[PDB]
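In what follows, one protein chain appears twice in different forms, each by itself as structure tokens: structure 1 and structure 2.
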Structure 1
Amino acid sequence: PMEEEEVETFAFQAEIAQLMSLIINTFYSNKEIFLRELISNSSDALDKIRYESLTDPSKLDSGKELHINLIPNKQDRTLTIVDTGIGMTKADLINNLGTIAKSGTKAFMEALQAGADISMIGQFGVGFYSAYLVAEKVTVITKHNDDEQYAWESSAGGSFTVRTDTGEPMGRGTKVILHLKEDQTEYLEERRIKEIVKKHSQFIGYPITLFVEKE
């Protein structure tokens, strides 16, 4: 029988929308840094659950392994980054993925306008948005302890959606699914992914596994 699901559509905060339009509509040469930014957010989320587990060990009931998985899919042109970190509550999601102003937004846009390399984004606290250098649409699935699994999605254009996820349960953590632009398929290649992780994400304190679909 027909199922019904509630959806909430939100507008991005003005400067976040302006930043996303700048990232999408301007040429940048060193786009590979998007992966460093997402792995760095996963590493931070893994530290959060690790430290919380020291006080309340039952916070690991949802999965004891602390790690990052990278899953390129050449059939549907997606690159997925999964972690078993702390995950996001509904408030963490709506607050960190678009509704709240970030102190570094205006400074970062002015710095990009002056010729700064896109690699500077992380320093400004808006590193996630680098996903739009390579992706036309980003889906974020997240699961925090004592809360439901949520799905966030945006193709930019000024809006994002949030819904309770009725899909595949994750025990705990965050999955970022990058629906790559047609000209950015190099980020589905095993060699290219290894190259960029070696260059930019070599001091990550958690194991990372790259899953490669048999050719």
Structure 2
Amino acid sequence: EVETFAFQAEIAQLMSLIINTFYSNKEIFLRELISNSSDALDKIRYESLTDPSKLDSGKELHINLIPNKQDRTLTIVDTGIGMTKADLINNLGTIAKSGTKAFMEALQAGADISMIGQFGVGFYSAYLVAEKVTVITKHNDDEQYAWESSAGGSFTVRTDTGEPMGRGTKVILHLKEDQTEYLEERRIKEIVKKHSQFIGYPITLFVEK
């Protein structure tokens, strides 16, 4: 049972701008998603400070980067707070309408796409390198859900019957054909060292073969 939703017009506009603007510095997508994961881990850690049972769904707080050349996917896994179904529909827990408004005014005022995270909508930088993004998520207060969008103005949400997650979020990037450099170990390592060297959670780059 799959539900299909229309993006708010402003988010569809952000999404087409990310897809269509000529902008070579695409690697910042990874910094933005890792920072989102770090924010989500911060939230569940804070909740656990007064309620340790919040970690019954998993005590480890970490970020995994999983490239798969056969599927042409890069997956960013975290064990953060996750999101509810309501969160997923509400622009993946962001204030994306007002964030997009501020971002695009900054862009016409000299800013560039790499500054997207300063406006709270860094997630959508995924579409710099991904033709499709799948988000699997499990929040302590809800069931496991899968969000998916290939842009084009719509996204789907369904209950996820896939592998149980315990708690956290999985962002699966179905990479564009010419963006497979982000599946190579040395390229991912370089980006993590350049842009994510002070993230306060272990980042494990999985290897293949």
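When a residue number appears, read it as a position in the sequence of structure 1, where counting begins at 1. We call the rigid core the largest set of C-alpha positions that still match within 1.5 Å between the two forms.
Student: Which one moved? Candidates are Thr80, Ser119, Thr89, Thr99, criterion is a Cα shift of 2 Å or more between structures 1 and 2 after superposing on the core.
Tutor: It is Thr99; the other listed residues stay below 2 Å.
Student: Once the core is aligned, does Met109 move its Cα by at least 2 Å between structures 1 and 2?
Tutor: It does shift by 2 Å or more.
Student: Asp146: how big is its Cα shift between structures 1 and 2, in Å, with the core superposed?
Tutor: For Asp146, the C-alpha ends up 2.9 Å from its position in the other form.
Student: Rigid core superposed, I'd like the Cα shift of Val176 between structures 1 and 2 in Å.
Tutor: Comparing the two forms, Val176 shifts 0.1 Å at C-alpha.
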